[PDB]
There are 2 protein chains.
Amino acid sequence: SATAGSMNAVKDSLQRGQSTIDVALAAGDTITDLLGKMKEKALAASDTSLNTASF
Amino acid sequence: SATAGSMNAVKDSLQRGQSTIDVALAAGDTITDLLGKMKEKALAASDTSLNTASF
């Protein structure tokens, strides 16, 4: 019975891990969007028809 | 998806190239007209019946 009761702490810990990963995935959404925009900037800046102000 | 989104920069660059060539073709209209008039001047000046003032 004491062993079954200690599984509540195991469940709390696993739920804590799922919450931590959820926050990481939200930040990762932000970061992959930023990286896509950054690739769009670098791709545009490699064109040589740009003037200096656009670059 | 990030690859599809970066095609917008490719399209911007190709449109920029079409604009650059358009300006060159407008200047080329001017220049071919000038060269035709210049050939008309040289052709008239090669006639030896011209007096010095007309030449």
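All values below were derived from every heavy atom in this structure, side-chain atoms included, with hydrogens, water molecules and symmetry-related copies excluded. The chains referred to below are lettered A, B, ... by the order of the sequence lines, with proteins before strands, and numbering in each begins at 1.
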Would you give me the side-chain donor-acceptor pairs under 3.5 Å for residues 26-40 of chain B, sequence neighbours excluded?
from: B/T32; atom 1: OG1; to: B/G28; atom 2: O; distance (Å): 3.0
from: B/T32; atom 1: OG1; to: B/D29; atom 2: O; distance (Å): 3.2

Could you list the donor-acceptor pairs under 3.5 angstrom formed between side-chain atoms of residues 2-11 of chain A and any protein atom two or more places apart in sequence or on another chain?
from: A/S6; atom 1: OG; to: A/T3; atom 2: O; distance (Å): 2.9
from: A/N8; atom 1: ND2; to: A/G5; atom 2: O; distance (Å): 3.3

Return a table of donor-acceptor pairs under 3.5 angstrom between the side chains of residues 46-54 of chain A and protein atoms on other chains or two or more places apart.
from: A/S46; atom 1: OG; to: A/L43; atom 2: O; distance (Å): 2.9
from: A/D47; atom 1: OD1; to: A/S49; atom 2: N; distance (Å): 2.9
from: A/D47; atom 1: OD1; to: A/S49; atom 2: OG; distance (Å): 3.1
from: A/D47; atom 1: OD2; to: A/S49; atom 2: OG; distance (Å): 2.9
from: A/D47; atom 1: OD2; to: B/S13; atom 2: OG; distance (Å): 3.0
from: A/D47; atom 1: OD2; to: B/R16; atom 2: NE; distance (Å): 3.2
from: A/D47; atom 1: OD2; to: B/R16; atom 2: NH2; distance (Å): 2.9
from: A/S49; atom 1: OG; to: B/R16; atom 2: NE; distance (Å): 3.2
from: A/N51; atom 1: OD1; to: A/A53; atom 2: N; distance (Å): 3.3
from: A/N51; atom 1: OD1; to: A/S54; atom 2: N; distance (Å): 3.0
from: A/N51; atom 1: OD1; to: A/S54; atom 2: OG; distance (Å): 2.9

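Residue B/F55 shares its hydrophobic cluster (ILVMFWY side chains chained together at separations under 4.5 Å) with no other residue. Applying the 4.5 Å side-chain rule to ILVMFWY residues, one finds A/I21 in the same cluster as A/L25.
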